Amino acid sequence: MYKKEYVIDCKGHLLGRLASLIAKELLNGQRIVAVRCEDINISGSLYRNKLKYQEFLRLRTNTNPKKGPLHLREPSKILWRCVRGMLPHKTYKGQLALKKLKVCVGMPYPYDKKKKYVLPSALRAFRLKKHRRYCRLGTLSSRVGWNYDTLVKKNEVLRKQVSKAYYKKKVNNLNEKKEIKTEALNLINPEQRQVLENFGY
Amino acid sequence: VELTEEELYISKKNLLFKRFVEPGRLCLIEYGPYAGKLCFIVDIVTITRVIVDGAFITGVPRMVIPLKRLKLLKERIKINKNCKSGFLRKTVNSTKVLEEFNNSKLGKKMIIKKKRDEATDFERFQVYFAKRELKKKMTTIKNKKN
Amino acid sequence: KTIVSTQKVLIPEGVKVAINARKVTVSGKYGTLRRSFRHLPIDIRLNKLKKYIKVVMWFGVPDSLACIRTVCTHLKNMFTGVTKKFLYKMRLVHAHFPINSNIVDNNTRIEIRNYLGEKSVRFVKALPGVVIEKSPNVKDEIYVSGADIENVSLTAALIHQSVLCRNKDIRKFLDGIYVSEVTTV
Amino acid sequence: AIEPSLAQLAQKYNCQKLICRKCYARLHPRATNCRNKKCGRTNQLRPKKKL
Amino acid sequence: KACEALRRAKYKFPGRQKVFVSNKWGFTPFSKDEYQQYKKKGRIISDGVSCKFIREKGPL
Amino acid sequence: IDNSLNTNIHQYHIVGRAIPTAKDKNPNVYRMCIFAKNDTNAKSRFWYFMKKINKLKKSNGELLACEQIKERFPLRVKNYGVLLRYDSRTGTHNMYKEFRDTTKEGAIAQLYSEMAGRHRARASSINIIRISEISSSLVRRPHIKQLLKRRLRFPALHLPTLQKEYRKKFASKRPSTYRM
RNA sequence: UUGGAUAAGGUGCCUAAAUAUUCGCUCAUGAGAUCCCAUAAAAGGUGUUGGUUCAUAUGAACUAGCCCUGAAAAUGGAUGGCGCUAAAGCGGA
Ligand SMILES: O[C@H](c1cc(C(F)(F)F)nc2c(C(F)(F)F)cccc12)[C@@H]1CCCCN1
Ligand SMILES: [Mg+2]
Ligand SMILES: [Mg+2]
Ligand SMILES: [Mg+2]
Ligand SMILES: [Mg+2]
Ligand SMILES: [Mg+2]
């Protein structure tokens, strides 16, 4: 957490754990961009999750619902809320930490060209037994009225093509570099070359 | 009775689970006082615990471990179930399995890492210099290509 | 926990079986069927040189074994479908008013008219890739057919639902379409 | 006008079942338990009343 | 049948009860086998429900 | 030597006898193996058992011998049969369980965990009545029988337990549980 | 006052300290979460997990763990919150 800004790819993660991971980092002093928040997984069965959400929604302020619990139903929003929950947001430091976090659905403008990081101690594949029921967050959101899910998916798909295109180019570049290295290893100095070989490069 | 051409099929039939925990599997201990160390599966205690032995080439004594603390390598050497440590040592040396492991990508990378760890400052500097030289040469080549 | 549990599913003669990651795809005489199994931990494998496919499950309680068995059964069903269409015979029994069954839109969308004499039209559309035919032998029965053992069954169920009456004695009013025979073409 | 075989078939579905003595669920005629969670899967089953 | 009856009865007591079949002969404080043995050597006199065991103690 | 894996249950042979009295010059000596964490605990256990069985209490007897028995072949897999007496919240039960292990002590340790986990039986409530090595022809429990298989082989589906050095919260590329 | 080392308790984050290790057990369409303490019962359960006693690898009967039912009140809502299921639950070591 000594980087300028960590971009976290939220696909295949387990919600609460991910949030927890984020929160500590934020507290420490790290700018976090939680990206691709539609594919965050919850450890409960989908129906159960939905029920829970419904229950949460039901707890509103009786006198004037303009105040009280704002039931933000965007997956990113939900994630943000979760993060906040795990923070001392009522102080100043906590507030600052919260501010530092930025959440995104899918991938927007700058966070497509930035390196996407994964939290391995929070992954669904590493935290759930494969005979247990899990729930995609996007789906849950859709169920409790988010609407912009299909659109998001489409956008993601579109982005994927672009990424693939870029990836091909990158691969080509890498290959070229390798070739160059191969060529030039004979053009250096013997002892130096040997040394290089010894140290892996 | 022979297979004639079915043998080939058997050889090249994709199996999802390569590397089984079984007697004579190589094994890299990941967690504990011993880590990064190699050690062979002698017997197996239960569904979770196994007895390993790092043949006196390696530093790790015969001991029980949780399988969870082991990462199976692609290497195996056929051994009798009740094989004692001396026998294991004899066999592995004969088969040159350690050499094979070293040759393999993972082993190579491990060794590289070790080298990096153990290097003197000067050696690091030498490496840097070499890299710089390569870059220069590489850059020149790139320019030429352009 | 049981270390190794296996099930052998013998493939028929004229079946093109193709698996990858529990996503099984079978091609035959009466269409192609694709059905994923990536919701249980199973390393199902092909044997293209000979016959059969082997479903194996490592560790896991009796639940796991049960799951494996189910998977095997499903596979078998699929194979059967590919070889030969799954024929679901559905006989409609009426006490007074004859049930008017009308097939349209390429043997899909079976329209049920004049059930118990309500003068309304009951619409029930078949699932993807399932043909609904009428009687060539007797007078009442309706054939629900088309490769997938599951889809056809579902369609049949839907049809039944569409038929069945509401707030009256069900033991007296036996009116409706019912699955007579589960067979193959 | 219900020909005997057809009638029998109809019965097979509509009549020859069991019923939960607790939540009234229609069960298969050979069931040992309720299957429904609300009765807590009771074994208290009765046959569907005929006529 | 007896066990069943007991169980039925239990449904009416409060708290936790348990039906317990005994190795005794019946109300008498002797194991079945023991009782049989006693009968064989005639060291036991049966009255009504309860039975007395000859202890080798009284006068002739 | 590993200090995270070890379970500190040892086996102690204890011998003790009631103090001799003018009226009972030649008392009876009692011996037992006791599975306990330290020597003092073992002694205590022995005393308790004496109390339970005979008329004897620590106050009117003396420990004659305490040995501490180490496994003779601590690297030979063995199939252990165990007999237990345990107390539930509802009453008392006898039971027999089997554990495949490398030492008696290890087996005992396993057993304690099992009882804790499966029956919620706490260490206090259990009395080990006999552990003996069972030949493979007399294995009655399926989870041990299976192991006793001929050329036994299984894959490794367990999740990697990385060292808290190479454990990092930020990862480059999504790790793989598949391995091989 | 300074430094140390603990106690009760904890160690996912809030929250200082383990997403520690180790062996089990739990999936809940109103889970569970630690003295006092802020509740739950009789009775069930072909849910699963162990057992015991019997009979001829099935059929019984039981038994106890967890889990489910039994389980309904009024502002909205409270294992303290967020959350958590290869637990961050329960029982251990
Ligand atoms: O903490 C639960 C909960 C809340 C919220 C949130 F507030 F973010 F919408 N989301 C939950 C989710 C979510 F849908 F994954 F976000 C799952 C399970 C419980 C949730 C609720 C809160 C009221 C009482 C218990 N259920
Ligand atoms: Mg101080
Ligand atoms: Mg300290
Ligand atoms: Mg902290
Ligand atoms: Mg939640
Ligand atoms: Mg806590």
# chains A, B, ... in the order shown; residues from 1 in each chain; ligands from 1
>>> residues_near_ligand(ligand="ligand 1", cutoff="9 Å", atoms="only C-alpha atoms (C1' of nucleotides) and all ligand atoms", output="PyMOL selection string")
(chain A and resi 15-16+40-44+46+48-59+69-73+75+77-82+85+135-137+140-141) or (chain G and resi 77-78+81-83)
>>> interface_residues(of="chain A", to="chain F", cutoff="6 Å", atoms="only C-alpha atoms", output="ChimeraX atom specification")
/A:117-119
>>> select_by_dssp(residues="segment 44-132 of chain C", states="alpha helix (DSSP H)", output="list in words")
residues 62, 63, 64, 65, 66, 67, 68, 69, 70, 71, 72, 73, 74, 75, 76, 77, 78, 79, 80, 81, 82 and 83 of chain C
>>> closest_residue(among="G:7, G:13, G:43, G:25", to="ligand 3", atoms="only C-alpha atoms (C1' of nucleotides) and all ligand atoms")
G:7
>>> residues_around(residues="residue 131 of chain A", least_positions_apart="6", cutoff="12 Å", atoms="only C-alpha atoms (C1' of nucleotides)", output="PDB file with N, CA and C atoms (P, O5', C5', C4', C3', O3' and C1' of nucleotides), in the first residue's frame")
ATOM      1  N   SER A  43     -21.186 -14.513  -0.474  1.00  0.00           N
ATOM      2  CA  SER A  43     -21.074 -15.915  -0.061  1.00  0.00           C
ATOM      3  C   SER A  43     -22.396 -16.634   0.200  1.00  0.00           C
ATOM      4  N   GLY A  44     -23.473 -15.876   0.380  1.00  0.00           N
ATOM      5  CA  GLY A  44     -24.791 -16.467   0.592  1.00  0.00           C
ATOM      6  C   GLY A  44     -25.428 -16.889  -0.717  1.00  0.00           C
ATOM      7  N   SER A  45     -26.490 -17.688  -0.626  1.00  0.00           N
ATOM      8  CA  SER A  45     -27.302 -18.025  -1.795  1.00  0.00           C
ATOM      9  C   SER A  45     -27.990 -16.761  -2.295  1.00  0.00           C
ATOM     10  N   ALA A 125     -12.776 -17.915  -5.327  1.00  0.00           N
ATOM     11  CA  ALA A 125     -12.164 -19.207  -5.643  1.00  0.00           C
ATOM     12  C   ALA A 125     -11.306 -19.755  -4.502  1.00  0.00           C
TER      13      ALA A 125
ATOM     14  N   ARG C  38     -20.828 -27.255 -14.617  1.00  0.00           N
ATOM     15  CA  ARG C  38     -19.807 -26.553 -13.834  1.00  0.00           C
ATOM     16  C   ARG C  38     -20.314 -25.965 -12.507  1.00  0.00           C
ATOM     17  N   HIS C  39     -21.283 -26.648 -11.901  1.00  0.00           N
ATOM     18  CA  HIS C  39     -21.794 -26.281 -10.581  1.00  0.00           C
ATOM     19  C   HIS C  39     -21.467 -27.333  -9.517  1.00  0.00           C
ATOM     20  N   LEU C  40     -20.884 -28.451  -9.948  1.00  0.00           N
ATOM     21  CA  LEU C  40     -20.311 -29.441  -9.030  1.00  0.00           C
ATOM     22  C   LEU C  40     -18.846 -29.748  -9.376  1.00  0.00           C
ATOM     23  N   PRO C  41     -18.001 -29.983  -8.350  1.00  0.00           N
ATOM     24  CA  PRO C  41     -16.594 -30.314  -8.604  1.00  0.00           C
ATOM     25  C   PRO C  41     -16.409 -31.732  -9.157  1.00  0.00           C
ATOM     26  N   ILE C  42     -16.266 -31.837 -10.475  1.00  0.00           N
ATOM     27  CA  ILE C  42     -16.182 -33.133 -11.146  1.00  0.00           C
ATOM     28  C   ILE C  42     -15.199 -33.080 -12.317  1.00  0.00           C
ATOM     29  N   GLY C  60     -15.159 -35.972  -0.902  1.00  0.00           N
ATOM     30  CA  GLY C  60     -16.565 -35.586  -0.856  1.00  0.00           C
ATOM     31  C   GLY C  60     -17.445 -36.626  -0.193  1.00  0.00           C
ATOM     32  N   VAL C  61     -18.456 -36.151   0.531  1.00  0.00           N
ATOM     33  CA  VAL C  61     -19.388 -37.001   1.267  1.00  0.00           C
ATOM     34  C   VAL C  61     -20.263 -37.842   0.325  1.00  0.00           C
ATOM     35  N   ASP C  63     -23.158 -36.913  -0.507  1.00  0.00           N
ATOM     36  CA  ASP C  63     -23.721 -35.879  -1.364  1.00  0.00           C
ATOM     37  C   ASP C  63     -22.999 -35.831  -2.719  1.00  0.00           C
ATOM     38  N   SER C  64     -21.679 -35.830  -2.657  1.00  0.00           N
ATOM     39  CA  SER C  64     -20.844 -35.729  -3.844  1.00  0.00           C
ATOM     40  C   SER C  64     -21.119 -36.887  -4.797  1.00  0.00           C
ATOM     41  N   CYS C  67     -24.424 -36.541  -6.465  1.00  0.00           N
ATOM     42  CA  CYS C  67     -24.293 -35.522  -7.512  1.00  0.00           C
ATOM     43  C   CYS C  67     -23.715 -36.141  -8.776  1.00  0.00           C
TER      44      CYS C  67
ATOM     45  P     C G  27     -26.208 -28.161   7.712  1.00  0.00           P
ATOM     46  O5'   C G  27     -26.256 -26.711   7.054  1.00  0.00           O
ATOM     47  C5'   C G  27     -27.392 -25.844   7.243  1.00  0.00           C
ATOM     48  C4'   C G  27     -27.537 -24.903   6.070  1.00  0.00           C
ATOM     49  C3'   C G  27     -27.576 -25.559   4.691  1.00  0.00           C
ATOM     50  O3'   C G  27     -28.621 -25.025   3.883  1.00  0.00           O
ATOM     51  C1'   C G  27     -25.819 -23.961   4.788  1.00  0.00           C
ATOM     52  P     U G  85     -17.065 -15.648   3.409  1.00  0.00           P
ATOM     53  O5'   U G  85     -17.584 -17.129   3.684  1.00  0.00           O
ATOM     54  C5'   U G  85     -16.756 -18.059   4.409  1.00  0.00           C
ATOM     55  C4'   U G  85     -17.570 -19.222   4.923  1.00  0.00           C
ATOM     56  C3'   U G  85     -17.900 -20.304   3.895  1.00  0.00           C
ATOM     57  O3'   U G  85     -17.542 -21.591   4.389  1.00  0.00           O
ATOM     58  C1'   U G  85     -19.859 -19.628   5.046  1.00  0.00           C
ATOM     59  P     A G  86     -16.899 -22.681   3.405  1.00  0.00           P
ATOM     60  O5'   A G  86     -15.336 -22.540   3.681  1.00  0.00           O
ATOM     61  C5'   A G  86     -14.667 -23.386   4.638  1.00  0.00           C
ATOM     62  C4'   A G  86     -13.169 -23.325   4.451  1.00  0.00           C
ATOM     63  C3'   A G  86     -12.557 -21.921   4.373  1.00  0.00           C
ATOM     64  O3'   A G  86     -11.510 -21.760   5.326  1.00  0.00           O
ATOM     65  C1'   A G  86     -11.772 -23.279   2.589  1.00  0.00           C
TER      66        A G  86
END
>>> closest_residue(among="E:43, E:1, E:16, E:57", to="chain G", atoms="only C-alpha atoms (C1' of nucleotides)")
E:16
>>> select_by_dssp(residues="chain A", states="strand (DSSP E or B)", output="JSON, numbers by chain")
{"A": [5, 6, 7, 8, 9, 13, 14, 31, 32, 33, 34, 35, 41, 42, 102, 103, 116, 117, 118, 123, 135, 136]}
>>> write_last_selection(atoms="C-alpha atoms", output="PDB file, in the first residue's frame")
ATOM      1  CA  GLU A   5      -3.227   4.733  -6.514  1.00  0.00           C
ATOM      2  CA  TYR A   6      -4.232   1.062  -6.417  1.00  0.00           C
ATOM      3  CA  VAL A   7      -6.816   0.002  -8.990  1.00  0.00           C
ATOM      4  CA  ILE A   8      -8.589  -3.137  -7.751  1.00  0.00           C
ATOM      5  CA  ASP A   9     -10.363  -5.428 -10.217  1.00  0.00           C
ATOM      6  CA  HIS A  13     -13.886 -11.367  -5.198  1.00  0.00           C
ATOM      7  CA  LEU A  14     -15.890 -12.019  -2.040  1.00  0.00           C
ATOM      8  CA  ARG A  31      -5.939   5.783  -2.864  1.00  0.00           C
ATOM      9  CA  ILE A  32      -8.112   2.853  -3.939  1.00  0.00           C
ATOM     10  CA  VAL A  33     -10.149   2.573  -7.127  1.00  0.00           C
ATOM     11  CA  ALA A  34     -12.519  -0.384  -6.859  1.00  0.00           C
ATOM     12  CA  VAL A  35     -13.217  -1.093 -10.518  1.00  0.00           C
ATOM     13  CA  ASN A  41     -19.555 -12.183  -5.276  1.00  0.00           C
ATOM     14  CA  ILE A  42     -21.447 -12.661  -2.011  1.00  0.00           C
ATOM     15  CA  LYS A 102     -13.450   5.525  -5.496  1.00  0.00           C
ATOM     16  CA  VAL A 103     -15.898   2.921  -6.841  1.00  0.00           C
ATOM     17  CA  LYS A 116      -5.619  -3.947 -12.325  1.00  0.00           C
ATOM     18  CA  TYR A 117      -4.768  -5.601  -9.018  1.00  0.00           C
ATOM     19  CA  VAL A 118      -6.388  -8.591  -7.319  1.00  0.00           C
ATOM     20  CA  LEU A 123     -11.081 -14.187  -3.881  1.00  0.00           C
ATOM     21  CA  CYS A 135     -24.236 -14.710  -5.627  1.00  0.00           C
ATOM     22  CA  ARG A 136     -23.069 -12.225  -8.273  1.00  0.00           C
TER      23      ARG A 136
END
>>> residues_near_ligand(ligand="ligand 3", cutoff="10 Å", atoms="only C-alpha atoms (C1' of nucleotides) and all ligand atoms", output="PDB file with N, CA and C atoms (P, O5', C5', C4', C3', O3' and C1' of nucleotides), in the first residue's frame")
ATOM      1  P     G G   4       9.005  -0.545  25.691  1.00  0.00           P
ATOM      2  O5'   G G   4       9.081  -1.810  26.656  1.00  0.00           O
ATOM      3  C5'   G G   4      10.243  -2.655  26.674  1.00  0.00           C
ATOM      4  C4'   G G   4      10.223  -3.562  27.879  1.00  0.00           C
ATOM      5  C3'   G G   4       9.157  -4.642  27.888  1.00  0.00           C
ATOM      6  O3'   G G   4       9.470  -5.725  27.021  1.00  0.00           O
ATOM      7  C1'   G G   4       9.398  -3.698  30.055  1.00  0.00           C
ATOM      8  P     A G   5       8.318  -6.371  26.113  1.00  0.00           P
ATOM      9  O5'   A G   5       7.664  -7.459  27.073  1.00  0.00           O
ATOM     10  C5'   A G   5       8.478  -8.364  27.840  1.00  0.00           C
ATOM     11  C4'   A G   5       7.698  -8.894  29.016  1.00  0.00           C
ATOM     12  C3'   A G   5       6.238  -9.235  28.738  1.00  0.00           C
ATOM     13  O3'   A G   5       6.023 -10.477  28.077  1.00  0.00           O
ATOM     14  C1'   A G   5       6.345  -7.906  30.669  1.00  0.00           C
ATOM     15  P     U G   6       4.632 -10.741  27.327  1.00  0.00           P
ATOM     16  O5'   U G   6       3.826 -11.615  28.387  1.00  0.00           O
ATOM     17  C5'   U G   6       2.403 -11.466  28.537  1.00  0.00           C
ATOM     18  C4'   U G   6       2.040 -11.276  29.989  1.00  0.00           C
ATOM     19  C3'   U G   6       0.555 -11.362  30.299  1.00  0.00           C
ATOM     20  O3'   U G   6       0.137 -12.714  30.437  1.00  0.00           O
ATOM     21  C1'   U G   6       1.473  -9.459  31.365  1.00  0.00           C
ATOM     22  P     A G  17      -1.947  -3.638  14.750  1.00  0.00           P
ATOM     23  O5'   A G  17      -1.934  -5.112  15.353  1.00  0.00           O
ATOM     24  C5'   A G  17      -0.768  -5.634  16.015  1.00  0.00           C
ATOM     25  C4'   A G  17      -1.102  -6.935  16.699  1.00  0.00           C
ATOM     26  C3'   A G  17      -1.765  -7.985  15.813  1.00  0.00           C
ATOM     27  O3'   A G  17      -0.809  -8.741  15.077  1.00  0.00           O
ATOM     28  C1'   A G  17      -3.001  -7.748  17.816  1.00  0.00           C
TER      29        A G  17
END
>>> closest_residue(among="C:122, C:29, C:54, C:76", to="chain B", atoms="only C-alpha atoms")
C:54
>>> residues_around(residues="residue 23 of chain E", least_positions_apart="3", cutoff="10 Å", atoms="only C-alpha atoms (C1' of nucleotides)", output="number ranges by chain")
E: 20, 26, 29-34
>>> interface_residues(of="chain A", to="chain B", cutoff="10 Å", atoms="only C-alpha atoms", output="list in words")
residues 176, 177, 178, 179, 180, 181, 182, 183, 184, 185, 186, 187, 188, 189, 191, 192, 193, 194, 195, 196, 197, 198, 199, 200 and 201 of chain A
>>> write_last_selection(atoms="N, CA, C and O atoms", output="compact mmCIF listing (two decimals), in the first residue's frame")
# COMPACT_ATOMS: atom_id res chain seq x y z
N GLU A 176 9.26 -9.25 -30.11
CA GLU A 176 10.28 -8.45 -30.79
C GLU A 176 11.46 -8.19 -29.86
O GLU A 176 12.63 -8.36 -30.24
N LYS A 177 11.11 -7.80 -28.64
CA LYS A 177 12.09 -7.50 -27.59
C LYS A 177 12.97 -8.72 -27.33
O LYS A 177 14.20 -8.62 -27.24
N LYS A 178 12.30 -9.86 -27.20
CA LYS A 178 12.95 -11.15 -26.95
C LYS A 178 13.96 -11.45 -28.05
O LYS A 178 15.11 -11.84 -27.78
N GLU A 179 13.50 -11.25 -29.28
CA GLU A 179 14.30 -11.49 -30.48
C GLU A 179 15.57 -10.63 -30.44
O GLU A 179 16.68 -11.12 -30.70
N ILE A 180 15.35 -9.36 -30.10
CA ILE A 180 16.43 -8.37 -30.01
C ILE A 180 17.47 -8.83 -28.99
O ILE A 180 18.68 -8.78 -29.25
N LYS A 181 16.97 -9.27 -27.85
CA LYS A 181 17.80 -9.75 -26.74
C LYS A 181 18.66 -10.92 -27.21
O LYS A 181 19.88 -10.96 -26.94
N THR A 182 18.01 -11.84 -27.91
CA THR A 182 18.67 -13.03 -28.44
C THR A 182 19.81 -12.64 -29.37
O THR A 182 20.93 -13.17 -29.28
N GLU A 183 19.50 -11.68 -30.24
CA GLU A 183 20.45 -11.16 -31.22
C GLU A 183 21.68 -10.58 -30.51
O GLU A 183 22.83 -10.86 -30.88
N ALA A 184 21.40 -9.73 -29.53
CA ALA A 184 22.39 -8.83 -28.93
C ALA A 184 23.23 -9.47 -27.83
O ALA A 184 24.30 -8.95 -27.50
N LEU A 185 22.75 -10.57 -27.26
CA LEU A 185 23.48 -11.31 -26.23
C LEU A 185 24.87 -11.75 -26.70
O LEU A 185 25.79 -11.89 -25.90
N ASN A 186 25.00 -11.96 -28.01
CA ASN A 186 26.28 -12.32 -28.63
C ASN A 186 27.16 -11.11 -28.94
O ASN A 186 28.34 -11.26 -29.25
N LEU A 187 26.57 -9.92 -28.85
CA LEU A 187 27.25 -8.68 -29.22
C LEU A 187 27.85 -7.91 -28.03
O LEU A 187 28.52 -6.89 -28.22
N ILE A 188 27.60 -8.40 -26.82
CA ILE A 188 28.10 -7.75 -25.60
C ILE A 188 29.57 -8.15 -25.35
O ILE A 188 30.39 -8.12 -26.26
N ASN A 189 29.88 -8.50 -24.10
CA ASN A 189 31.20 -8.98 -23.72
C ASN A 189 31.07 -10.33 -23.02
O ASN A 189 30.17 -10.52 -22.20
N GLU A 191 32.45 -12.30 -20.56
CA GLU A 191 32.34 -12.42 -19.11
C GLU A 191 31.01 -11.83 -18.63
O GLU A 191 30.30 -12.45 -17.82
N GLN A 192 30.71 -10.65 -19.17
CA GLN A 192 29.48 -9.93 -18.83
C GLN A 192 28.26 -10.78 -19.17
O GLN A 192 27.33 -10.91 -18.36
N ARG A 193 28.31 -11.36 -20.36
CA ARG A 193 27.24 -12.22 -20.88
C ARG A 193 27.02 -13.39 -19.93
O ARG A 193 25.87 -13.72 -19.58
N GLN A 194 28.13 -14.00 -19.53
CA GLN A 194 28.13 -15.15 -18.62
C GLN A 194 27.45 -14.78 -17.31
O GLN A 194 26.60 -15.53 -16.80
N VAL A 195 27.84 -13.62 -16.80
CA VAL A 195 27.31 -13.08 -15.54
C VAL A 195 25.80 -12.93 -15.64
O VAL A 195 25.05 -13.33 -14.73
N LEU A 196 25.37 -12.35 -16.76
CA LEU A 196 23.96 -12.11 -17.04
C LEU A 196 23.19 -13.43 -17.02
O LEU A 196 22.11 -13.53 -16.41
N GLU A 197 23.77 -14.41 -17.69
CA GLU A 197 23.19 -15.76 -17.79
C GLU A 197 23.00 -16.35 -16.40
O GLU A 197 21.93 -16.90 -16.08
N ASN A 198 24.04 -16.21 -15.59
CA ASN A 198 24.06 -16.70 -14.21
C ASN A 198 22.92 -16.08 -13.41
O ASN A 198 22.20 -16.80 -12.70
N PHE A 199 22.70 -14.78 -13.55
CA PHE A 199 21.66 -14.10 -12.77
C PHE A 199 20.27 -14.09 -13.40
O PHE A 199 19.45 -13.21 -13.12
N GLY A 200 20.00 -15.08 -14.25
CA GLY A 200 18.66 -15.32 -14.78
C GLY A 200 18.30 -14.60 -16.06
O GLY A 200 17.62 -15.17 -16.92
N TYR A 201 18.75 -13.35 -16.18
CA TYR A 201 18.39 -12.50 -17.32
C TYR A 201 18.92 -13.06 -18.64
O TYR A 201 18.42 -12.71 -19.71
>>> interface_residues(of="chain E", to="chain G", cutoff="9 Å", atoms="only C-alpha atoms (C1' of nucleotides)", output="PyMOL selection string")
chain E and resi 11+14-15
>>> write_last_selection(atoms="N, CA and C atoms", output="compact mmCIF listing (two decimals), in the first residue's frame")
# COMPACT_ATOMS: atom_id res chain seq x y z
N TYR E 11 -45.58 -39.05 27.13
CA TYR E 11 -46.09 -37.88 26.43
C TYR E 11 -46.90 -36.98 27.35
N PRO E 14 -44.36 -34.19 32.58
CA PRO E 14 -43.47 -33.08 32.23
C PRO E 14 -42.01 -33.55 32.17
N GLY E 15 -41.12 -32.68 31.68
CA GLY E 15 -39.68 -32.94 31.70
C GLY E 15 -39.19 -34.00 30.73
>>> residues_around(residues="residue 177 of chain C", least_positions_apart="4", cutoff="7 Å", atoms="only C-alpha atoms (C1' of nucleotides)", output="MDAnalysis selection string")
chainID C and resid 90:93 160 163
>>> interface_residues(of="chain C", to="chain D", cutoff="7 Å", atoms="only C-alpha atoms", output="PyMOL selection string")
chain C and resi 93-96+170-171+174+178
>>> decode(residues="segment 111-122 of chain B", atoms="N, CA, C and O atoms", output="tab-separated table (two decimals), in the first residue's frame")
chain	number	residue	atom	x	y	z
B	111	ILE	N	16.37	-21.20	-8.17
B	111	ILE	CA	17.82	-21.07	-8.07
B	111	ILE	C	18.25	-19.65	-8.37
B	111	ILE	O	19.11	-19.11	-7.64
B	112	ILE	N	17.62	-19.04	-9.37
B	112	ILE	CA	17.88	-17.65	-9.75
B	112	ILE	C	17.61	-16.73	-8.56
B	112	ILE	O	18.42	-15.84	-8.24
B	113	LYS	N	16.47	-16.97	-7.92
B	113	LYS	CA	16.02	-16.20	-6.76
B	113	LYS	C	17.06	-16.28	-5.65
B	113	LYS	O	17.43	-15.26	-5.05
B	114	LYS	N	17.52	-17.51	-5.41
B	114	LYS	CA	18.52	-17.80	-4.38
B	114	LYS	C	19.79	-17.00	-4.65
B	114	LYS	O	20.36	-16.38	-3.74
B	115	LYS	N	20.20	-17.04	-5.92
B	115	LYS	CA	21.41	-16.35	-6.38
B	115	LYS	C	21.29	-14.85	-6.10
B	115	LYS	O	22.22	-14.22	-5.59
B	116	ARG	N	20.12	-14.32	-6.44
B	116	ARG	CA	19.82	-12.90	-6.26
B	116	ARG	C	19.94	-12.53	-4.79
B	116	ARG	O	20.55	-11.50	-4.44
B	117	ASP	N	19.36	-13.38	-3.95
B	117	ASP	CA	19.36	-13.20	-2.50
B	117	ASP	C	20.78	-13.14	-1.99
B	117	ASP	O	21.12	-12.25	-1.17
B	118	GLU	N	21.61	-14.07	-2.48
B	118	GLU	CA	22.95	-14.28	-1.93
B	118	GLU	C	24.05	-13.35	-2.48
B	118	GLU	O	25.16	-13.31	-1.96
B	119	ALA	N	23.70	-12.62	-3.54
B	119	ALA	CA	24.62	-11.75	-4.25
B	119	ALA	C	25.23	-10.69	-3.36
B	119	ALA	O	24.62	-10.28	-2.36
B	120	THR	N	26.44	-10.28	-3.72
B	120	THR	CA	27.14	-9.18	-3.08
B	120	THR	C	26.74	-7.91	-3.82
B	120	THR	O	26.24	-7.97	-4.94
B	121	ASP	N	26.93	-6.75	-3.20
B	121	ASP	CA	26.54	-5.49	-3.81
B	121	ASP	C	27.23	-5.32	-5.16
B	121	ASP	O	26.60	-4.86	-6.11
B	122	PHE	N	28.51	-5.67	-5.21
B	122	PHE	CA	29.30	-5.54	-6.42
B	122	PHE	C	28.70	-6.36	-7.55
B	122	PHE	O	28.57	-5.89	-8.68
